[PDB]
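J.: Handing you a structure now.
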Number of protein chains: 4
Amino acid sequence: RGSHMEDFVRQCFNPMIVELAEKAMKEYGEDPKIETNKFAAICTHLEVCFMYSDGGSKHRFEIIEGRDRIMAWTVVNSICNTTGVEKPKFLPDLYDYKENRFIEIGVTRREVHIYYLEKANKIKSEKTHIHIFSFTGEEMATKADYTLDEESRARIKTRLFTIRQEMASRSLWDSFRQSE
Amino acid sequence: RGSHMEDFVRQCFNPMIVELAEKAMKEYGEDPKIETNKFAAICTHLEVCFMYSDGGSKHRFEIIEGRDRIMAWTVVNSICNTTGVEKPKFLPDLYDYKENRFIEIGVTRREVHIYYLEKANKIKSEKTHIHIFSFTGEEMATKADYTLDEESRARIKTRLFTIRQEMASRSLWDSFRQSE
Amino acid sequence: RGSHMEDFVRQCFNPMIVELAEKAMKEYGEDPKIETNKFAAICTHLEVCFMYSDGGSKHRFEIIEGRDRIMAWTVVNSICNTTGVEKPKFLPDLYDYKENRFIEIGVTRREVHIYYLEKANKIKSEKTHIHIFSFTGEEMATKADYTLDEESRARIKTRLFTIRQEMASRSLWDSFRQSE
Amino acid sequence: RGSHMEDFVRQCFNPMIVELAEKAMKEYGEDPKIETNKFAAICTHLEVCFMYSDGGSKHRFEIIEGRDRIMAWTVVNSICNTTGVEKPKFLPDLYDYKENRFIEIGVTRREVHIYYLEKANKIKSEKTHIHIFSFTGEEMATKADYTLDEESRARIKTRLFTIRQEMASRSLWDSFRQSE
Ligand SMILES: COc1cc2c(cc1OC)CC(NC(=O)c1nc([C@@H]3CCCN3C(=O)CSc3ccccc3Cl)[nH]c(=O)c1O)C2
Ligand SMILES: COc1cc2c(cc1OC)CC(NC(=O)c1nc([C@@H]3CCCN3C(=O)CSc3ccccc3Cl)[nH]c(=O)c1O)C2
Ligand SMILES: COc1cc2c(cc1OC)CC(NC(=O)c1nc([C@@H]3CCCN3C(=O)CSc3ccccc3Cl)[nH]c(=O)c1O)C2
Ligand SMILES: COc1cc2c(cc1OC)CC(NC(=O)c1nc([C@@H]3CCCN3C(=O)CSc3ccccc3Cl)[nH]c(=O)c1O)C2
Ligand SMILES: [Mn+2]
Ligand SMILES: [Mn+2]
Ligand SMILES: [Mn+2]
Ligand SMILES: [Mn+2]
Ligand SMILES: [Mn+2]
Ligand SMILES: [Mn+2]
Ligand SMILES: [Mn+2]
Ligand SMILES: [Mn+2]
């Protein structure tokens, strides 16, 4: 295939993220050289999840995303049987040891409301906290409890807008936005 | 011998822990290839002690476990003659510079009460603080003063339950539980 | 050319700073072997900017100086469109996520008042915060809000006076002061 | 010469400390293979100074000891001309940016009172703060303002008593104590 978007992803995101995203796609029968926009979205979602877990204190967050499915669910079981929290029907992205709730992190190229709705009706599980970021700088969170302080969220939003500009400078943005 | 439990231990715990546990067993005339459940228990107890000492601040805890016997007692003497605390009759696991007391950490596959009792009657030394963790997520501590905040304890309990699941996924758990 | 000041700069500042300063000069058609005092000033300004951003918390400051022009402006756009702050007419040195303002850092061998005035009339942009340091230990900041606590500023001033003494011990100071 | 005390020093203290102590002795025309007790005392004083500066916050302390004489005085000049503090007649060990005073750290095998007196009458300079530690666990400080919190001081005292026991276990202590 040899797309521009594939080479941009490997040059824009750090190698641990790119490697984790490649594994994730191949685990579900997808190819980063063909599904290159999905490749870019998964790297972005990964980097946001990691920046998020760095926003708290040392021990605050348990990272669920970026693990293989079986180990991710194993950590979820341990957390649930240790804290008595309901076992979510779907894999969340993090666990907040301070607020004692699982977090599902969303990154969308749409209006946060339109994504939150879809991400909440399908969420079904009432317990898990939801937190959406947008490539335009909007964010929406359950009960408007945004977990982290403003500074850590602001850095996530700045990084997201930088990724947008880099894609636009290479004319890859419009194809990326129109392929959600 | 070549047991499954031995290979699981080396693949589940990090090499510094495995090495420290091997030394500890050989110092007391035990073989990790034969006493493989004891091998697993010592690695677990070691990892819990290290996670515990990381839960406090930078200078809070002095680590006693994981040293050879003579150096461990040497540090105890220095702590005692520096803080005036009673020299314990038995080797503790940590010293809390903030609360000024030695800590004995227990990890059991039984009810925390049954282990605490045995670990307290044999403790004899009235001064040292006791803190028990279980593979099911229960904890018991002297005066119910659990030293660390909830988040740091919760991580220890999550790790303990992950070790349990990994053993069970390999059918090693029932032999591990029935060999205390 | 082979000047003493060039060899002093490479021996006094750390290699990442020296390399960043060399790139910056060559990007604007200047040579560090000829414009050696400018070479020294840019390394100094760079080290001060980096020490400054280290004075805050983990996530407080976004570093703008030390990047190439296009990426520096890209980060500025992301910050502006994320926080709604006015896009400055000129490239600032940092962004404070806590106080939500861009910072322009000045390092002068003159009176802070004389430099602040020139650095403020040409600043034009009313929004960006200004913070001047001197090689004698004086500092001046917008509204006399010096952003960081005293200890972090004191370290910057101590380093600046050490650079002065080292230049004077090599008789390079008077040429450095008289070439602003 | 090949003394036991020399081999104990190299095996007990870390290589950066041993190297810094060797330079310090040779700068003043002393040999670590002959003045082996002085060798041990300088390594001890160095390790205490470094542990002390680690007890505060990130930016709190400027380290003066362990530098060559000319650079140590250069940092002192910068600190003095930056904070307006009196230039001490003698080289101190640290500068506290939080309390804005130089610290002279003492490590003695005598009574802290007997050492403090001698270390204060010869200090002459009224401004610099004095802080003495003993190999028995006593400490004395100017105005009984001990700068650091109890935990950080307790660790210094524990290390000092460990060095004592190690020397005694090798029958080197009595020669060390009787050679102040
Ligand atoms: C391929 O089918 C599935 C895969 C997975 C799950 C469920 C799946 O369906 C049965 C759970 C887990 N999904 C997430 O972790 C997750 N998913 C999303 C969005 C909306 C929901 C589906 N989705 C995808 O992207 C699916 S594709 C994909 C996802 C992750 C890695 C690689 C690929 Cl290829 N958004 C997130 O913010 C988020 O964290 C992995
Ligand atoms: C082999 O005899 C002894 C060995 C040791 C001590 C005393 C011993 O008896 C004379 C002190 C010290 N023990 C502990 O540090 C410690 N011990 C335990 C449990 C209950 C009490 C005995 N025990 C064991 O596991 C003994 S075997 C063993 C222990 C540690 C490493 C390697 C091996 Cl092989 N539980 C802990 O939580 C704990 O910290 C080492
Ligand atoms: C070469 O022209 C220009 C270059 C640049 C800018 C603007 C320029 O004019 C069109 C923006 C940016 N300047 C700064 O970031 C900056 N500049 C200064 C001082 C007063 C204003 C001009 N200046 C210089 O030093 C110019 S030369 C120079 C500067 C930086 C690196 C290398 C060189 Cl060679 N003082 C700072 O504290 C400070 O942060 C780069
Ligand atoms: C060799 O002459 C001198 C050397 C030096 C100074 C002054 C000297 O006299 C002219 C300043 C500086 N001294 C200290 O920094 C310092 N000195 C001491 C004790 C009591 C005062 C003298 N002293 C020594 O140990 C001297 S020998 C020595 C010292 C340090 C390294 C190597 C050697 Cl060989 N105690 C400390 O706690 C302390 O910090 C270096
Ligand atoms: Mn996910
Ligand atoms: Mn997600
Ligand atoms: Mn123990
Ligand atoms: Mn124990
Ligand atoms: Mn600049
Ligand atoms: Mn500047
Ligand atoms: Mn000294
Ligand atoms: Mn001293």
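We number each residue from 1, going along the chain as drawn.
Cβ from N, Cα, C; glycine included.
The PDB entry feature annotations, pasted as is:
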- C:1-4: expression tag (SEQADV)
- C:55-57: linker (SEQADV)
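When I checked Swiss-Prot for this same protein, it listed these features:
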- C:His45, C:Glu65, C:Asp93, C:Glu104, C:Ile105: Mn(2+) 1 binding site (BINDING)
- C:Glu65, C:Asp93: Mn(2+) 2 binding site (BINDING)
- C:109-124: motif 'Nuclear localization signal 1 (NLS1)' (MOTIF)
- C:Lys119: active site (ACT_SITE)
J.: When a 10 Å sphere is centred on the Cβ of C:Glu65 (Mn(2+) 1 binding site), how many other Cβ atoms does it contain?
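T.: Around C:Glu65 (Mn(2+) 1 binding site), other Cβ atoms within 10 Å: 22.
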J.: Would you mind pulling the DSSP three-state label for C:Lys119 (active site)?
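T.: The residue in question, C:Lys119 (active site), is helix (DSSP, three-state).
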J.: Within the expression tag (C:1-4), count helix residues (DSSP H, G, I), strand residues (E, B) and coil residues, in that order.
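T.: Taking each residue of the expression tag (C:1-4) in turn, the totals are 1 helix, 0 strand, 3 coil.
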J.: Give me the Cα-Cα distance between C:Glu104 (Mn(2+) 1 binding site) and C:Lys119 (active site), rounded to a whole Å.
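T.: Each residue's Cα considered, C:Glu104 (Mn(2+) 1 binding site) and C:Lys119 (active site) end up 9 Å apart.
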J.: Using the structure shown, find which entry in C:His45, C:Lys119 (the recorded positions) has the sparsest Cβ neighbourhood within 10 Å.
T.: C:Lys119
J.: In the linker (C:55-57), how many residues does DSSP put in helix, strand and coil?
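T.: DSSP composition of the linker (C:55-57): 1 helix, 0 strand, 2 coil.
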J.: Please report how many Å separate the Cα atom of C:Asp93 (Mn(2+) 1 binding site) from that of C:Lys119 (active site), as a whole number.
T.: 13
J.: State the count of C-beta atoms found within 10 angstroms of the C-beta of C:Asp93 (Mn(2+) 1 binding site), not counting that atom itself.
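T.: Other Cβ atoms found within 10 Å: 23.
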J.: Whole-number answer please: how many Å between the C-alpha atoms of C:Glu65 (Mn(2+) 1 binding site) and C:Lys119 (active site)?
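T.: Given the Cα positions, C:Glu65 (Mn(2+) 1 binding site) is 16 Å from C:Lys119 (active site).
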J.: Please report the distance from the Cα of C:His45 (Mn(2+) 1 binding site) to the Cα of the residue listed as 'active site', rounded to the nearest angstrom.
T.: 14
J.: Please report how many Å separate the Cα atom of C:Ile105 (Mn(2+) 1 binding site) from that of the residue listed as 'active site', as a whole number.
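T.: For C:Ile105 (Mn(2+) 1 binding site) versus the residue listed as 'active site', the Cα atoms are 10 Å apart.
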